[PDB]
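Given next, in structure tokens, is a single chain: the form deposited in one PDB entry.
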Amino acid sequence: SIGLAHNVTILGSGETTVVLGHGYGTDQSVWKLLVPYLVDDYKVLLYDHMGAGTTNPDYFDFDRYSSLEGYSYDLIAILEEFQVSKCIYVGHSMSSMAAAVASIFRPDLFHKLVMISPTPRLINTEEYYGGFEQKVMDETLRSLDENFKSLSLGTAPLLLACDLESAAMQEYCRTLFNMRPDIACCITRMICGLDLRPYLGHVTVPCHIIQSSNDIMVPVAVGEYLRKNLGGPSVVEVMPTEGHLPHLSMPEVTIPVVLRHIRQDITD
């Protein structure tokens, strides 16, 4: 049953449901500081994507989770099982993109998407700057499996824009290293290879794009790219934060921004 498999948790109450979807290397615990500001006003559904360390490795299908679509279809099943519709979906990074793709198939399930640090593609082309070069990525990925921990530890302070010794680092590493290594490497390769650009013009539900001003995984111009290429309305807000997980590392700035986008619609 899909609820157990994804550790679904339900809290709060209200006519509108907020669904919180974590990104890579974290689980639903990443939302712990946001939840108190929602519980009085909304019903809230939290879940773990398949392959988070809190999930059963026996349910991780390496074929399905080698592309983002599998996550989008799982999300639809979760929403249906829990009788959620017209939700406010808040996602970090590829969770928000998984919801965007889901919303093409099931626009009835989504009132709006609140997207923290989204990107549709990491790898550069002659016409698109995602921040990563194919030839470097190819070398790095060749030895990923044997170097997962060392590469992850070595890059995390830059990814997070936090010190090695920080509480944010300790928390991210706790969940990151809870994944089974083979699963973590599958998910990593999936993310590195994504190209969701063909879907964007067919996303029509309203999107609220929240970015850090300096994020090694998301060039600041990606937000404007999304606004220009999405098929429906959107808003872009760059925050005075650094790092790819500002909801984890800079909650004092980020939480008020996220709350504003949850609470305030841009369409009637």
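Note that residue numbering follows the sequence shown and begins at 1.
Only in words, not in the display: the form solved in complex with a small molecule, which the text now covers.
Contact with the small molecule in the deposited complex, defined as any heavy atom within 4.5 Å, is confined among 162 to 170, 71 to 79, 100 to 108, 146 to 154 to 146 to 154.
Remark: residue 247 does not count among the residues lining the small molecule in the deposited complex, judged by a heavy atom distance of 4.5 Å or less.
The closest heavy atom approach of residue 158 to the small molecule in the deposited complex falls outside 4.5 Å.
For residue 50, no non-hydrogen atom is located within 4.5 Å of the small molecule in the deposited complex, even though that partner is not displayed. When contacts are judged by a 4.5 Å heavy atom cut-off, residue 175 does not count as touching the small molecule in the deposited complex. Proximity to the small molecule in the deposited complex, taken as a non-hydrogen atom within 4.5 angstroms, holds for one residue of 35, 235, 30, 217, which is 217.
Looking at the small molecule in the deposited complex, residues 132, 136 and 194 each place a heavy atom within 4.5 Å of it.
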